[PDB]
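The chains referred to below are lettered A, B, ... by the order of the sequence lines, with proteins before strands, and numbering in each begins at 1.
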There are 2 protein chains.
Amino acid sequence: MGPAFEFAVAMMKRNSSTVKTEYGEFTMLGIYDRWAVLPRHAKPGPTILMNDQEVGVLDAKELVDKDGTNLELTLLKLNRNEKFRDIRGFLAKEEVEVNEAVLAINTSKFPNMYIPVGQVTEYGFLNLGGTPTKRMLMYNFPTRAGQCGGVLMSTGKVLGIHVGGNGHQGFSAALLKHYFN
Amino acid sequence: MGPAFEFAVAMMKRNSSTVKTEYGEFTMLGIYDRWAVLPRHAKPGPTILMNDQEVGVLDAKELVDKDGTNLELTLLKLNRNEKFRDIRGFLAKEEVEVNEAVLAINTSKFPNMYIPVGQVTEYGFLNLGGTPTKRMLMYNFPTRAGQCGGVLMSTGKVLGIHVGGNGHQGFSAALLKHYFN
Ligand SMILES: *[C@@H](CC(=O)OCC)[C@H](C[C@@H]1CCNC1=O)NC(=O)[C@H](Cc1ccccc1)NC(=O)[C@H](CC(=O)OC(C)(C)C)NC(=O)OCc1ccccc1
Ligand SMILES: *[C@@H](CC(=O)OCC)[C@H](C[C@@H]1CCNC1=O)NC(=O)[C@H](Cc1ccccc1)NC(=O)[C@H](CC(=O)OC(C)(C)C)NC(=O)OCc1ccccc1
């Protein structure tokens, strides 16, 4: 898992920030240009707090699949002149299944912490926060509040964003290449 | 830092546990035979909770240097028939200074989380919890309550146990080979 950790630390240094919304504090991953992602439940307002700084939300697409089903990601275009290093090349075209993964968190609660969550398997459909939801990836780790937005990685791969947990497993929504125009 | 992470994950799997004392929940590192360490302020009682299990404390040496000064470690001999894999070979004879380190935490608050804290320099004397204290190692990371007992490592090396923080830096007490008979 050494190279996975090394990839994660560099990714999070390069592309991540800490976001507060009216619904809480989350890890946020910048993808390319000016577009970042959060879990849908961050319910980002017209302004967010990004590393303690007010930033405007030029647009915010909550994502769903063709059968209108919940995917639990919101994409945001940020009013800022700096551009995110482009990490679309790191995003798979479909759900990745991995034997060793790292979940990386960047909040006030969990500043730069990394968790080896072990095996990620494709879980697909889950009833999450009561909402039917697809394209879920599952790892057996006791995830808590304060970990949403967590970025799930393996060597060379950005697999998903942490969005939920039942107290015993956690679930990332798959960050698919095609979500990004 | 890849190999440091890989060393840490294996160390913590092999030698660490979660301890609750009347003073809180800590990460605990088993050293050899039946002897483990905590920060002195864990103030371990005649019984501890180790991974949720009552265990007796056959002896408990709080450590100080020759000038009676605070080192902020308590060594404990545990009433249990399992033996700790012997990691004394991993403990330096004097304070190690490192450019990249990992701090590894194992509590209910922070279960298996790892933090790259970067550069560790020898700090020696610090006024800690108001107590004069020596053999301190310092890293620039915002450490919090719930991280004491944290094990600070680099590839192949167990450097110290996390014992304090001022909100901006954290401090480990050096885990020296000679402390272990
Ligand atoms: C991220 C929020 C955060 O970081 O806080 C910012 C301050 C949080 C992380 C998970 C919650 C507990 N552990 C986690 O890893 N996610 C959520 O809170 C998420 C919110 C949400 C909102 C809107 C739509 C979907 C999701 N909700 C869940 O993860 C839920 C929480 C829950 O209700 O379950 C427990 C109370 C933890 C048991 N998890 C969930 O729905 O699991 C499936 C389930 C629940 C009940 C019965 C059967 C199956
Ligand atoms: C570990 C306890 C834990 O994990 O809880 C179990 C439930 C905790 C971790 C540090 C505290 C805050 N951040 C940390 O990384 N350690 C302590 O609480 C430790 C207790 C202690 C007890 C007895 C003897 C020595 C130490 N105390 C400290 O780390 C103190 C805390 C403090 O008083 O400072 C702040 C309030 C955080 C600012 N740190 C300290 O003394 O720093 C030096 C200092 C303080 C004030 C002025 C100048 C210099």
### Query
So does B/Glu72 pair up with B/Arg40, basic N to acidic O under 4.0 Å?
yes
### Query
Honestly, is B/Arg88 close enough over B/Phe180, meaning NZ or CZ under 6.0 Å from the six-membered ring centre and within 45° of the axis?
no
Give the table of side-chain donor-acceptor pairs shorter than 3.5 Å for residues 122-129 of chain B, with sequence neighbours excluded, one pair per line with atom names and distance.
none

### Task
I would like to know whether A/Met28 and A/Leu78 meet side-chain contact (heavy atoms from CB on, under 4.5 Å); could you show each step before the answer?
CA-CA 12 Å; A/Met28 181 171 81; A/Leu78 301 176; 3.7 Å; yes
### Query
Does atom NZ of A/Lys77 have more than 12 heavy-atom neighbours from other groups under 6.0 Å away?
yes
### Message
At a 4.5 Å cut-off on heavy atoms, which part of B/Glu100 comes close to chain A: side chain, backbone, both, or neither?
### Response
neither
### Query
For chain B, which of A/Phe141, A/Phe110, A/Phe5, A/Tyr114 has the most heavy-atom pairs under 4.5 Å?
A/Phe5
### Summary
Looking only at A/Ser108, A/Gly146, A/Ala4, the option with the highest number of non-hydrogen pairs under 4.5 Å against chain B is A/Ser108
#### Entry: Part of A/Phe7 lying under 4.5 Å from any heavy atom of chain B
neither
### Task
Give, as side chain, backbone, both or neither, the part of A/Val102 having an atom under 4.5 angstrom from any heavy atom of chain B.
side chain
